[PDB]
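Note sheet for the following structure.
Atoms considered below: every heavy atom in the structure, side chains included; atoms not considered: hydrogens, waters and symmetry mates. Letters A, B, ... mirror the listed sequences (proteins, then strands); counts begin at 1.
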Amino acid sequence: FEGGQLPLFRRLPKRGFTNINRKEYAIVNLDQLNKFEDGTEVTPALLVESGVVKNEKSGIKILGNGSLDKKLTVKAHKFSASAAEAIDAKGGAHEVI
Amino acid sequence: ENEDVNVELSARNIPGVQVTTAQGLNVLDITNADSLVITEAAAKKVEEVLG
Amino acid sequence: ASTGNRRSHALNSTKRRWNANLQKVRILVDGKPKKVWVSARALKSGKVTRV
Amino acid sequence: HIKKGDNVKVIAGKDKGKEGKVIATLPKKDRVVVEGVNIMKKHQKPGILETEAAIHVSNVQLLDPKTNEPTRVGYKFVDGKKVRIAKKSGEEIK
RNA sequence: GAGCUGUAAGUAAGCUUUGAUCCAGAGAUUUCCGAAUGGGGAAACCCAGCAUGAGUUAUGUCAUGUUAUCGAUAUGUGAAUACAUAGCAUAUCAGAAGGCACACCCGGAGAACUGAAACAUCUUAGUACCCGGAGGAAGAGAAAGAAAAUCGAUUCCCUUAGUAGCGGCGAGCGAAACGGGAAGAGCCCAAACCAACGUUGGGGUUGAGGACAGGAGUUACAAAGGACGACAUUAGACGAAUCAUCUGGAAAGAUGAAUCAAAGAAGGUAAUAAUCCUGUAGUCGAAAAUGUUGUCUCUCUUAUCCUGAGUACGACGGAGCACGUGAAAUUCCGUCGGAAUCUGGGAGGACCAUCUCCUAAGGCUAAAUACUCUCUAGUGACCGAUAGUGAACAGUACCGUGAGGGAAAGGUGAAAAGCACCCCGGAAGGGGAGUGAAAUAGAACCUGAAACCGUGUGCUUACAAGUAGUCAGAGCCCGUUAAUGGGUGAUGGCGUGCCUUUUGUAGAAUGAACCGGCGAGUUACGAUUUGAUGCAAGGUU
RNA sequence: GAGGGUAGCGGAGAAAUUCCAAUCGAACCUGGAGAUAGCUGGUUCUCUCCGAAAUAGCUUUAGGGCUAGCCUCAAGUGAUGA
RNA sequence: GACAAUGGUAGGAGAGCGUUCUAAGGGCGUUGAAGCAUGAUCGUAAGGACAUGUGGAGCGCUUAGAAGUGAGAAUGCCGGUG
RNA sequence: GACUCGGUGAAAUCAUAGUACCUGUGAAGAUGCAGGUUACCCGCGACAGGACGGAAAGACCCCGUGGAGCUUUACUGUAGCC
Ligand SMILES: [K+]
Ligand SMILES: [K+]
Ligand SMILES: [Mg+2]
Ligand SMILES: [Mg+2]
Ligand SMILES: [Mg+2]
Ligand SMILES: [Mg+2]
Ligand SMILES: [Mg+2]
Ligand SMILES: [Mg+2]
Ligand SMILES: [Mg+2]
Ligand SMILES: [Mg+2]
Ligand SMILES: [Mg+2]
Ligand SMILES: [Mg+2]
Ligand SMILES: [Mg+2]
Ligand SMILES: [Mg+2]
Ligand SMILES: [Mg+2]
Ligand SMILES: [Mg+2]
Ligand SMILES: [Mg+2]
Ligand SMILES: [Mg+2]
Ligand SMILES: [Mg+2]
Ligand SMILES: [Mg+2]
Ligand SMILES: [Mg+2]
Ligand SMILES: [Mg+2]
Ligand SMILES: [Mg+2]
Ligand SMILES: [Mg+2]
Ligand SMILES: [Mg+2]
Ligand SMILES: [Mg+2]
Ligand SMILES: [Mg+2]
Ligand SMILES: [Mg+2]
Ligand SMILES: [Mg+2]
Ligand SMILES: [Mg+2]
Ligand SMILES: [Mg+2]
Ligand SMILES: [Mg+2]
Ligand SMILES: [Mg+2]
Ligand SMILES: [Mg+2]
Ligand SMILES: [Mg+2]
Ligand SMILES: [Mg+2]
Ligand SMILES: [Mg+2]
Ligand SMILES: [Mg+2]
Ligand SMILES: [Mg+2]
Ligand SMILES: [Mg+2]
Ligand SMILES: [Mg+2]
Ligand SMILES: [Mg+2]
Ligand SMILES: [Mg+2]
Ligand SMILES: [Mg+2]
Ligand SMILES: [Mg+2]
Ligand SMILES: [Mg+2]
Ligand SMILES: [Mg+2]
Ligand SMILES: [Mg+2]
Ligand SMILES: [Mg+2]
Ligand SMILES: [Mg+2]
Ligand SMILES: [Mg+2]
Ligand SMILES: [Mg+2]
Ligand SMILES: [Mg+2]
Ligand SMILES: [Mg+2]
Ligand SMILES: [Mg+2]
Ligand SMILES: [Mg+2]
Ligand SMILES: [Mg+2]
Ligand SMILES: [Mg+2]
Ligand SMILES: [Mg+2]
Ligand SMILES: [Mg+2]
Ligand SMILES: [Mg+2]
Ligand SMILES: [Mg+2]
Ligand SMILES: [Mg+2]
Ligand SMILES: [Mg+2]
Ligand SMILES: [Mg+2]
Ligand SMILES: [Mg+2]
Ligand SMILES: [Mg+2]
Ligand SMILES: [Mg+2]
Ligand SMILES: [Mg+2]
Ligand SMILES: [Mg+2]
Ligand SMILES: [Mg+2]
């Protein structure tokens with residue numbers, strides 16, 4: 001309350017809407033995939049069991065932060081472009097599930 | 001180690017003496033006591049449960 | 001009869017009732033002809049026959 | 001457990017150590033009147049009456065028939081009857 | 001298992017081991033009013049009828065039963081009016097009435113102060129009050145569901161989440177599904193269709209089914225009973241172990257030496273007791289009644305047609321849904337209209353098509369859940385007599401026409417041993433003498449503060465102008481927690497209380513007669529921040 | 001005089017805002033209820049350190065409020081202060 | 001040891017006193033507890049002891065925990081007494 | 001009635017009071033401050049100039065986004081009626 005001066009959240013406009021079907025992904029960066037041994041097959045079950053992902057949400061997405069120094073096979077719902085490039089560059093493979 | 005009925009009955013009426021199981025260990029009871037008298041099996045169970 | 005609201009153009013609320021369209025006719029209740037208050041919708045339905 | 005006519009020892013109070021017969025029993029108040037015990041001097045209007053005043057039943061104790069030592073009294077059954085028996089010896093109390 | 005005739009002293013008269021008082025189970029009695037019901041009535045009263053019985057020559061009087069209204073059954077009788085019906089009389093039943101803790105529950109009806117810094121939409125709030133109906137719970141409940149990979153009645157807890165949304169898009173209001181749990185149970189009809197004389201039986205009960213072609217039970221699913229046993233409840237019984245000395249009025253305290261413990265909970269006893277008492281741990285116990293219960297028993301069973309019609313649904317007006325008519329689906333009410341019939345119908349948030357899920361317009365159903373006037377057993381870093389109930393001795397006294405409002409008031413002592421007797425006094429009240437450990441514990445009774453009221457007097461005071469003290473200071477009187485002491489104070493300097501509120505108060509602004517007691521930032525749930533601590537790409541339920 | 005009737009969103013009034021149980025521009029009692037009170041009053045032990053403001057802007061605002069200004073506490077930063 | 005600082009309302013910060021209750025430890029008390037009264041006592045304050053009288057059965061201390069935790073004012077409430 | 005004596009015996013009020021005047025000062029009208037002036041201690045009967053004397057949280061006046069009663073071609077409703 002501003003004593004009768006029009007309050008701040010009335011002098012400002014409303015903006016936007018909320019998407020009912022908003023999809024939010026659990027995100028794993030490259031630096032978090034470095035805890036697995038070479039040749040590992042990474043899967044949402046393995047990421048959940050290892051403590052990398054607590055809540056899976058709409059699916060797992062791999063992002064490109066950090067350095068990946070281990071060859072892996074990754075099965076995730078989504079990959080960022082740099083994530084795919086750095087997974088394949090290090091000799092590994094990735095699949096979309 | 002477990003609920004020993006005869007030990008509990010024999011020690012119940014002695015003032016200053018308290019009886020508990022390994023599972024029932026709590027900080028008030030241990031802190032109040034001046035000494036702990038624990039069986040071998042109870043000691044092993046305590047070591048197992050509390051790591 | 002059910003209660004509800006009469007609403008003004010400014011949406012001022014005033015309690016009001018909805019009365020049944022009762023009509024006094026003779027319907028032969030329990031074998032004996034008898035003039036009773038009966039709703040016109042009930043007369044349309046056909047459960048109660050006059051005279 | 002203390003009855004009229006009993007021989008009792010006074011184990012607490014001014015007359016501790018004295019023995020006497022239980023003259024009266026006041027079970028509602030848990031007091032007994034013991035002859036020669038707790039003598040009061042009352043001012044009679046129409047002299048000075050000197051008579052026993054009751055004392056609490058827990059201040060008297062029965063004497064064992066055999067050792068003549070104070071004893072708590074238990075209870076036993078003999079042919080469908082409850083009989084007082086001394087703890088110290090076990091002999092039945094009169 | 002020896003006292004007893006309530007509280008509750010006092011006698012008097014009695015009862016009681018030939019078993020009382022007392023406790024529990026069951027019986028008997030149970031005036032009058034009150035729904036109050038034979039009629040009336042200003043409740044606890046008045047006045048009757050009928051039948052039966054006492055009494056009286058007889059009347060008066062009395063005793064007992066019966067007589068309300070509305071319902072229910074069944075025998076007559078009788079209108080307007082011919083049959084009939086309405087109605088009327090009689091017998092039989094004893095169904096309703098009224099009350100409450102009516103706290104929780106369901107329904108009808110339904111505010112306002114208030115918030116929005118005004119106010120009308122909105123909010124308070126479907127709250128308060130009123131009314132109706134019940135139960136030990138109620139309500140809900142067996143998908144025309146949730147959903148979108150499938151689940152499988154209802155309810156309730158956690159969470160989702162103060163999210164989605166609603167909203168003079170203000171103040172505010174505010175879900176649900178998924179997931180985790182408590183509990184867990186499913187069933188009966190209507191219809192087609194058969195048997196019989198439209199009404200009864202058979203049959204059937206759904207997401208495609210139906211028509212046609214031993215195991216289950218009185219907690220729903222049909223409903224009444226017995227036999228025996230069990231347990232528990234409503235009285236009770238047993239139940240270990242201490243002596244001495246000291247101080248004391250009294251020992252349980254101190255001291256010394258012992259004991260018991262499945263019992264060192266607690267209360268009492270002349271001060272503070274495991275061993276003195278009542279008890280405690282533990283064990284035992286029911287003539288009778290009441291339950292809950294198990295077994296036996298006892299019961300019952302072995303796509304041709306149909307599928308809820310004045311219905312669904314629609315318009316208008318409203319309401320309930322978190323949702324204010326809005327893109328408003330979904331549910332209900334009034335008025336008016338008004339379908340389809342498995343190629344059917346409904347929902348998936350306007351609506352259409354596909355797809356998916358379901359199968360309305362009949363009913364029943366335990367448990368998980370809500371509450372406490374109560375009862376039984378217990379508990380408390382809850383009160384301790386201005387507190388804690390209004391009430392420790394009261395819905396009383398008192399106030400009011402009434403509805404209604406509503407106090408104050410606890411403590412002798414261990415034991416009444418409650419002051420024989422003498423003296424003054426009419427008495428009241430005292431002084432002695434006694435009781436008692438104590439009487440300045442004597443009933444107006446534990447302790448007994450302060451205000452306030454008195455008696456005695458060490459210093460001081462009748463030439464003095466004042467918020468009463470303070471600093472300096474002789475004189476006089478005392479002598480301590482022994483301190484460069486205490487009381488008083490001639491005389492001198494300085495000096496307009498306190499609180500509140502104010503620019504500013506000695507203020508002639510506010511408040512307080514004095515003394516005492518009581519009397520005001522608390523708690524819950526959220527948010528944020530700081531300190532502390534644990535763990536750490538994890539932390540935590 | 002007696003016995004009755006009219007009741008508060010109401011009665012009654014040869015009318016005065018007049019009476020309705022000793023104050024009637026809307027009786028009394030209880031409940032909502034601790035209504036609301038931007039107003040007045042009150043708010044209880046001690047010491048230690050620091051120490052304001054009575055201004056601006058906006059305000060159905062003017063003895064109220066909000067942000068800024070001025071106080072304090074704690075971490076930073078370090079020439080930026082006088 | 002040697003330099004500085006220490007008036008203060010609203011208000012911010014810090015440290016303490018005392019009350020009742022609880023836990024643990026250790027104590028006191030009929031050879032007299034709490035309460036009350038008096039005193040020339042101690043501490044920087046809130047406040048703490050001791051001695052004597054009264055009183056007649058409970059009460060301190062230490063550490064920690066919790067609050068119905070502190071009154072002089074409210075035309076405050078109740079009582080008592082001017 | 002008042003007044004004196006015997007009996008009985010309230011009240012409003014009240015921060016504590018050993019409570020002078022003048023001129024001044026001061027929240028601008030002083031028992032209480034300054035400077036002077038005046039005044040032995042304690043009653044009783046009287047009078048009302050002051051204690052801005054007592055009584056009632058000013059009825060006037062203003063203020064509160066207070067209330068209530070009343071009015072109307074204020075706004076929005078509504079009983080009723082057509
Ligand atoms: K005793
Ligand atoms: K004034
Ligand atoms: Mg009656
Ligand atoms: Mg009658
Ligand atoms: Mg009657
Ligand atoms: Mg009947
Ligand atoms: Mg009946
Ligand atoms: Mg009832
Ligand atoms: Mg009821
Ligand atoms: Mg408002
Ligand atoms: Mg009701
Ligand atoms: Mg009811
Ligand atoms: Mg026994
Ligand atoms: Mg014993
Ligand atoms: Mg002894
Ligand atoms: Mg159907
Ligand atoms: Mg609605
Ligand atoms: Mg709806
Ligand atoms: Mg809608
Ligand atoms: Mg529909
Ligand atoms: Mg008291
Ligand atoms: Mg009381
Ligand atoms: Mg005397
Ligand atoms: Mg005398
Ligand atoms: Mg005497
Ligand atoms: Mg005497
Ligand atoms: Mg005394
Ligand atoms: Mg006294
Ligand atoms: Mg002179
Ligand atoms: Mg002189
Ligand atoms: Mg003077
Ligand atoms: Mg002076
Ligand atoms: Mg000021
Ligand atoms: Mg002024
Ligand atoms: Mg003053
Ligand atoms: Mg004055
Ligand atoms: Mg004022
Ligand atoms: Mg005053
Ligand atoms: Mg006071
Ligand atoms: Mg607050
Ligand atoms: Mg009335
Ligand atoms: Mg008149
Ligand atoms: Mg008038
Ligand atoms: Mg006029
Ligand atoms: Mg009047
Ligand atoms: Mg309210
Ligand atoms: Mg109020
Ligand atoms: Mg300073
Ligand atoms: Mg100004
Ligand atoms: Mg404006
Ligand atoms: Mg200072
Ligand atoms: Mg200074
Ligand atoms: Mg502070
Ligand atoms: Mg502190
Ligand atoms: Mg303290
Ligand atoms: Mg105490
Ligand atoms: Mg307090
Ligand atoms: Mg006061
Ligand atoms: Mg007085
Ligand atoms: Mg005269
Ligand atoms: Mg006189
Ligand atoms: Mg001044
Ligand atoms: Mg001047
Ligand atoms: Mg003057
Ligand atoms: Mg002067
Ligand atoms: Mg005079
Ligand atoms: Mg005068
Ligand atoms: Mg005046
Ligand atoms: Mg005023
Ligand atoms: Mg006024
Ligand atoms: Mg004036």
Does C:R16 put a side-chain nitrogen or oxygen below 4.0 Å from OP1 or OP2 of H:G77? no
Rounding to the closest angstrom, what is the interatomic distance between H:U31 and H:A51 at atom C1'? 9 Å
For the adjacent nucleotides E:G314 and E:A315, are both criteria met: ring-centre separation under 5.5 Å and interplanar angle under 30°? yes
Is the count of non-hydrogen atoms from other residues, nucleotides or ligands lying under 6.0 Å from A:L6 atom CG greater than 12? yes
Does H:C33 pair with H:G24 as Watson-Crick or G-U wobble, both distances under 3.5 angstrom? yes
Outcome for E:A385 when its sugar is typed by the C1'-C2'-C3'-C4' torsion: south
Distance test, side-chain N/O of D:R72 to OP1/OP2 of E:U275, below 4.0 Å: no
Does the pair E:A250, E:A251 qualify as stacked when the test is that the six-membered ring centres sit under 5.5 Å apart and the ring planes lie under 30° from each other? no
Atom pair distance, as rounded to whole Å: CH2 in C:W18 and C1' in E:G320: 13 Å
Is it the case that E:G539 (base atoms only) and A:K54 (side chain only) share a donor and an acceptor within less than 3.5 Å, ignoring hydrogens and angles? yes
Taking atom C1' in both G:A73 and F:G41, what distance in whole Å separates the two? 11 Å
Between C:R7 and E:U325, is there a contact of a side-chain N or O with OP1 or OP2 at under 4.0 Å? no
Classify the sugar of E:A103 as north or south, using the sign of the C1'-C2'-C3'-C4' torsion: positive means north, negative means south. north
What nucleotide, of E:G264, E:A270, E:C276, holds the atom closest to the side chain of B:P15? E:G264
Can you tell me whether the base of G:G60 sits syn or anti, using the 90° cut around 0 to define syn? syn
On a whole-Å scale, what distance lies between the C1' atoms belonging to E:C459 and E:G486? 13 Å
Within the pair D:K14 and E:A270, is there a side-chain N or O less than 4.0 Å away from OP1 or OP2? no
Pairing between E:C88 and E:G65, Watson-Crick or wobble, both under 3.5 Å: no
Using atom P of each nucleotide, how far apart are E:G310 and E:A315 to the nearest Å? 23 Å
E:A241 and E:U242 stacked at 5.5 Å and 30° limits: no
Identify, via the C1'-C2'-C3'-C4' dihedral, which side the sugar of E:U505 sits on: north or south. south
If I take atom CG from residue B:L25 and atom OG1 from residue B:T21, how far apart are they, to the nearest 0.5 angstrom? 7.0 Å
Base pairing of E:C498 with G:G16 (Watson-Crick or G-U, both distances under 3.5 Å): no
Under a 3.5 Å limit on both key distances, is there a Watson-Crick or G-U wobble pair between G:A51 and G:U38? yes
Just label F:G78 as syn or anti from its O4'-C1'-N9-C4 or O4'-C1'-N1-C2 angle, using within 90° of 0 for syn. syn
Centres of the six-membered rings under 5.5 angstrom apart and planes under 30 degrees: does that hold for H:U72 and H:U73? no
Is E:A274 paired with E:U259, either Watson-Crick or G-U wobble, both distances below 3.5 Å? yes
Does a distance-only test, which skips hydrogens and angles, find a donor-acceptor pair under 3.5 Å between the side chain of D:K41 and the base of E:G436? no
Nearest-Å distance once atom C1' is located in both E:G413 and E:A437: 11 Å
So A:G3, base contact, sugar-phosphate only, or nothing? Heavy-atom distance under 4.0 Å. base
Between E:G338 and C:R41, counting only base atoms on the nucleotide and side-chain atoms on the residue, is there a donor-acceptor pair under 3.5 Å? yes
Counting only Watson-Crick and G-U wobble pairs, both distances under 3.5 Å, are G:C28 and G:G58 paired? yes
Between A:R10 and C:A10, just flag the one whose closest nucleotide in RNA chain E comes earlier from the 5' side. C:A10
Taking the P atom in each of F:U44 and E:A394, what is the distance between them to the nearest angstrom? 42 Å
If you only use heavy atoms from C-beta on, which nucleotide in E:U335, E:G239, E:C243 is closest to the side chain of C:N21? E:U335
Closer than 4.0 Å, any side-chain N/O of C:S8 to the OP1 or OP2 of H:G77? yes
Contact under 4.0 Å: D:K82 side-chain N or O vs E:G1 OP1/OP2: yes
Pairing between G:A37 and G:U52, Watson-Crick or G-U, 3.5 angstrom cut-off on both: yes
Here, do E:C173 and E:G384 pair up as Watson-Crick or G-U wobble, each distance under 3.5 Å? no
Report yes or no: do B:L36 and B:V27 belong to one cluster of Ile/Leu/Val/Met/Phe/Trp/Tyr joined by side chain heavy-atom distances under 4.5 Å? no
So F:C24 and F:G8, Watson-Crick or G-U wobble pair with both distances under 3.5 Å, or not? yes
Glycosidic conformation of E:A536, syn or anti, with 90° from 0 as the boundary? anti
Stacking check, if you would: do E:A137 and E:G136 have six-membered base rings whose centres lie under 5.5 Å apart and whose planes meet at under 30 degrees? no
Between the base of E:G108 and the side chain of C:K15, is there a donor and acceptor pair under 3.5 angstrom? no
Return the pairing partner of H:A46 with a 3.5 Å limit on both distances, Watson-Crick or G-U wobble; otherwise return none. none
Phosphate oxygens OP1/OP2 of E:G248: is one of them under 4.0 Å from a side-chain N or O of D:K16? no
Using a cut-off of strictly less than 4.0 Å, decide whether B:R12 has a side-chain nitrogen or oxygen near OP1 or OP2 of E:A261. no
What's the base orientation of E:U255: syn (chi within 90° of 0) or anti? anti
Any chance you could measure C:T14, atom OG1, to C:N5, atom CG, to the nearest 0.5 Å? 8.0 Å
Please determine whether a side-chain nitrogen or oxygen atom of D:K3 lies at a distance below 4.0 Å from atom OP1 or OP2 of E:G1. no
From the options E:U335, E:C243, E:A240, select the nucleotide whose nearest atom is closest to the side chain of C:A20. E:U335
Listed nucleotide nearest any side-chain atom of A:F1, set E:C276, E:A244, F:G65: F:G65
Residues D:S89 and D:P65: closest non-hydrogen pair is OG-CD, 4.5 Å
E:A449 to E:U530 separation - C1' atoms, rounded to the nearest Å: 48 Å
Side-chain N,O (C:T3) to OP1/OP2 (E:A109) below 4.0 Å: yes
E:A281 phosphate, OP1 or OP2: any side-chain N/O from B:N13 under 4.0 angstrom? no
Determine, using purine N1 to pyrimidine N3 plus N6-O4 or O6-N4 for Watson-Crick, or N1-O2 and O6-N3 for G-U wobble, whether H:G64 and H:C5 pair with both distances under 3.5 Å. no
Could you tell me how far apart A:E2 (CD) and E:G170 (P) are, to the nearest whole angstrom? 14 Å
Specify the closest pair of heavy atoms between D:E19 and D:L63, including all atoms of both residues, with the distance to one decimal. OE2-CD2, 3.1 Å
When rounded to the nearest 0.5 angstrom, what is the spacing between NZ in D:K16 and CD1 in D:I11? 9.0 Å
What pucker do you get for E:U470 when you go by the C1'-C2'-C3'-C4' torsion? north
Rounded P spacing from E:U31 to E:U64 in Å: 12 Å
Whether C:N12 contacts H:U76 is assessed here as follows: a side-chain N or O lying under 4.0 Å from the phosphate OP1 or OP2. Is that the case? no
Would you call E:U412 syn or anti, using the 90° rule around 0? anti
Examine E:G418: is either OP1 or OP2 under 4.0 Å from a nitrogen or oxygen in the side chain of D:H43? Give yes or no. yes
